[PDB]
Structures are given as structure tokens and as C-alpha cells.
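The structure under discussion appears below in the form of C-alpha cells.
Cβ: placed from backbone, ideal geometry, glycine included. Neighbour counts: every protein chain shown. Values in this text are rule-based calculations from the coordinates and carry no lab data.
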Amino acid sequence: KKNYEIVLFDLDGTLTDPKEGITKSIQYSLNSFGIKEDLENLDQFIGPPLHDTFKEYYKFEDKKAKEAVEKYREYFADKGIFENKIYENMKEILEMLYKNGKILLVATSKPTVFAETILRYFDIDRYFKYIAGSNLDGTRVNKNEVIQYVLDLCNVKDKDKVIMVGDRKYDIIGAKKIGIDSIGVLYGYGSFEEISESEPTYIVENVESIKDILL
Ligand SMILES: [Cl-]
Ligand code: NA
């Protein structure tokens, strides 16, 4: 069994669930064009780019598609950003890791400002040394790039004591490009099919099981 000293976490689907704010932001946008939808029917739009949702599903023209994105962003910045749910038991495991002296980092494709806002909202920002996401109104940053960035801040030499925790293949692919171990979680947005096919170092069903691998 290996002793990991640096643990990286993705945000959405790993630490916190953004379902409420994302679906409500889409609903608000659709409403702006007179389209009524139940939030349950918008869950499937958590993940793909908004362009695909408005263009491929709602068949909005390129111009109407940008107006839809603007309305989404308006609601998200105002209220959507505060509509997240922390996964049950995550605060406890972060506290346990931190108290054992592990360095905890966030490496996410979500904009940094949003990641920091959310971690601050749940009073868990304090457990992370560095938090790295993408730029607001910028290009979505790839996972290997944000993982490398955050390790470089720690001036890491022994990459064997580093591990990435995430709920999507993108987290595992990122980890493999960097040459670090990974935990693929199943309680987020990645299916067992997806996670198992990405071949992470470990697979966990729930938050509590993270303890068994890291401690
Ligand atoms: Cl990557
Ligand atoms: Na995620």
C-alpha cells in the first residue's frame, strides 16, 4: 500500500454537486425565450457545453444560442453559484486528511473564482493549500494543465506520493498524462462504465471509502 502525501481533488461531482445551480440557470435561460421546463429534465445538461444543449437539443440559431448562454450566466453569477450541495461526509474526510498532514489541492476545469467561492461557502477552503481552475470567460483548461500547475506550486519531486481524485475520465486521463495515481469516484457524474474504462488506480463508490485508500 502506498502513502500519498499530496492529494488533488476535482470540484464538481467530487467535492460538491452543482446540479441545482446549473439546472436553475438553464431553466432561467429557457424561460427568457418562453420555454417551460422541469428541473429534472435539465439534469442531462450537466456536463456538455451550453452550446450543444441550446444548439443540438433546443435547436437555437448561433445568435439565439449566445443570448441563451448570456441569460444562463446572468442567473449563475447572481444565484446559481450559491446553489451547490457538498457531498455527505466530505467535510469529515477533508478534516481527517488535513489533520494527518496531507497537502490537499483542487485542480478543476471550473473557473477558479467559482471553485474558491464554493469552497469558501462550505467552509472547506481552509483545508486546501492551492485551488486552481480555469479563467472566467476564458478557454476551459485541460486537466493535465491544471494538475501540472498546482504540483509546480508545491515544488514536487516525488510524484509517487501524489494522487488525483475525480469523478470523470478527464480526471483520470489528466492524472495519467502527468504520471500520478488516481481514484475514480462513482458518486458523481461519471458512470462505472466510463470510470472503469479509464483504468484509474482505484475505484470508490462513496466518499467514506476515500479514507481507506488515503489513510
Ligand atoms: Cl488531460
Ligand atoms: Na467533476
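So here's what we get for this one:
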{"read-out": "Rg/Rg_ref, segment 18-83, where Rg_ref = 2.2 N^0.38 Å and atoms are Cα", "value": "0.98"}
{"read-out": "Which of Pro200, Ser32, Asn144, positive extreme of dipole for the chain (C-beta unit charges)", "value": "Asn144"}
{"read-out": "Of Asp43, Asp160, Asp137, the one that fluctuates the most in a GNM where the chain has Cα springs shorter than 10 Å", "value": "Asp137"}
{"read-out": "Normalised contact order of the chain, rounded percent, pairs of Cα under 8 Å and 6 or more residues apart", "value": "25"}
{"read-out": "Charge tally in the Cβ shell below 15 Å around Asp171, where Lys, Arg are +1 and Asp, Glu are -1, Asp171 excluded", "value": "-1"}
{"read-out": "Antiparallel %, DSSP beta bridges [both residues in the chain], to 5", "value": "10"}
{"read-out": "Those GluC sites (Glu not before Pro) in segment 86-115 that DSSP places in a loop and that have at most 15 other beta carbons within 10 Å", "value": "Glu88"}
{"read-out": "Violating pairs (Cα-Cα greater than 26 angstrom) within the set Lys63/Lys177; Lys36/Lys169; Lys2/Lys99; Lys1/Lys85; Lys24/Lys211", "value": "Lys63/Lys177; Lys36/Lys169; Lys1/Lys85; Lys24/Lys211"}
{"read-out": "Net dipole in debye of segment 30-179 [+1 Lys, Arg Cβ; -1 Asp, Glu Cβ; about Cα centre; nearest 20]", "value": "560"}
{"read-out": "Amide H contacts under 5 Å for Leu8, placed H, 5+ residues apart", "value": "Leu105, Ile163, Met164, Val165"}
{"read-out": "Nearest-0.05 FRET efficiency for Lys177 and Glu208, computed from C-beta distance (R0 41 Å)", "value": "0.90"}
{"read-out": "Ranked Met96, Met90, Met164, criterion: other C-beta atoms within 10 Å, fewest first", "value": "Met96, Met90, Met164"}
{"read-out": "Distance between modelled label sites at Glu5 and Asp160, nm, 7 Å Cα→Cβ extension", "value": "1.2"}
{"read-out": "Where a label projected 7 Å from the Cα of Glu61 along Cα→Cβ would reach, residues of segment 25-50 with amide N under 16 Å", "value": "33"}
{"read-out": "In segment 29-101, trypsin sites (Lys or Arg not before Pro) in a DSSP loop with at most 12 other beta-carbon atoms within 10 Å", "value": "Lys36, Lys59"}
{"read-out": "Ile26, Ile6, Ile195, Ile46 arranged by Cβ crowding within 10 Å, fewest neighbours leading", "value": "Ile46, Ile6, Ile195, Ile26"}
{"read-out": "Label-point gap, in nm, between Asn89 and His51 - each point 7 angstrom along Cα→Cβ", "value": "4.0"}
